[PDB]
């Protein structure tokens, strides 16, 4: 039913870990995905605002920092705004199902629980 995607990229900044009145934790961060080339590299670019919640949000929070190369699988969510202030605005966000630091150019010590 939903539209899902996988985006590989680096966090543009440390994950903002804020809490809701009810206590549940929410982690926000935008992944910036940037491509490859030939003969000379680099181009394209894609910045997707993401949000994970619950314990995954705190793990994201305590396990990721700026520049971190991540793998993110989630659901695209989009909202459509105004006209009574200007004229047609669209925004998009990714509800993260799973995310983890990528092991393509690095390592990590994974501690269970």
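Positions refer to the first chain, counted from 1.
Visitor: Our gap detector needs a label for residue 85 to residue 86. Which class matches the unmodelled residues of the deposited sequence there: none, 1 to 3, 4 to 9, or 10 or more?
Guide: Gap between residue 85 and residue 86: none, chain continuous.
Visitor: Select between 11-19 and 96-104 the stretch whose C-alpha atoms have the higher average B-factor in the entry.
Guide: Averaged over C-alpha atoms, the B-factors run higher in 11-19.
Visitor: Averaging C-alpha B-factors over each stretch, which comes out higher, 53-61 or 70-78?
Guide: That would be 53-61.
Visitor: Which third, lowest, middle or highest, does the CA B-factor of residue 32 fall in along this chain?
Guide: Ranked within chain, residue 32 CA B lands in the lowest tercile.
Visitor: For the chain shown, is the CA B-factor of residue 6 in the lowest, middle or highest third of its modelled residues?
Guide: Lowest third.
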